[PDB]
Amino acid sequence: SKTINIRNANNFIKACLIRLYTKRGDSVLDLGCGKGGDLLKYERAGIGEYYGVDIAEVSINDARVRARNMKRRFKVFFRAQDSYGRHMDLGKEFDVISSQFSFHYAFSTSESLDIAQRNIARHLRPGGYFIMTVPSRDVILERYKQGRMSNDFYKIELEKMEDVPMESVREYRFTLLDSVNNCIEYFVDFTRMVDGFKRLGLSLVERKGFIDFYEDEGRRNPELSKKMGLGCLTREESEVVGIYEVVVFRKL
């Protein structure tokens, strides 16, 4: 109830992102699909097939039910496995691969990132898109320097000092009211990611902050904006939303 606006905002951003890169009869691969909270958004997008994959069986389970009890028109598929630090071969390619609030987990180790980016590349059709929403390292480090690493909605704490450069840290603890607790998150080495992808035939096509992206899409699509209590957002709520950014790669 307290994090309602944040959730609405986030779903909105995801709904818009999905809208911008999907078209009818499209095939989507949803990595880190969680409980399938995007099936509805994809239903409206008129997609033909949806493949959800998540490492946590408990989430893939709730996702199966959601798809099982919803009025959808697309063919669904779910699989509980590791799509980042373990090889993945679903035997097919998709038009759109989506990774919402999950791809930063692929930065566990250099090997994990490599495997992860390779699972993406072999499942993406030539011309396909890989849309994602990941925490922004720049934002997070800049907030660290300002001493504002938290509020009543969330809380973040980095690694140990002891001559350790602020740029040396690779992970941090993240907590979100009514959500994850002391969740270990890995920073997104942006450049390494771009490089890894550029080497697999995928190039950066988009990078925009949640807040900015939010403002733009809401002032362009006042329609889907009325579908919920959008419009404004307190300062404390923006803190949380302002953590993530939109990144979109494309397979030439």
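We call the rigid core the largest set of C-alpha positions that still match within 1.5 Å between the two forms. The first residue of the shown sequence is 1; numbering continues from there.
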When the other structures are laid on this one by the rigid core, do the CA atoms of 153-161 or of 77-85 sit farther away in 6 other deposited structures of this protein?
153-161
Higher Cα RMS in 6 other deposited structures of this protein relative to the shown form (core alignment), 46-54 or 215-223, goes to 215-223
With B-factors read from the PDB entry, the higher C-alpha mean of 155-163 and 113-121 is in 155-163
Give the stretch, out of 58-66 and 29-37, with the larger mean C-alpha temperature factor in the deposited entry.
58-66
From the entry's CA B-factor values, the highest among 52, 48, 209, 218 is 218
Mind checking which third residue 181 falls in for C-alpha B-factor across the chain?
middle
CA B-factor placement of residue 135, once the chain's modelled residues are sorted into thirds
lowest
Lowest, middle or highest third - CA B-factor, residue 92:
middle
By its CA B factor, does residue 84 count among the lowest, middle or highest third of the modelled residues in the chain?
middle
Rank-wise, by C-alpha B-factor, drop residue 14 into the lowest, middle or highest third of its chain.
lowest
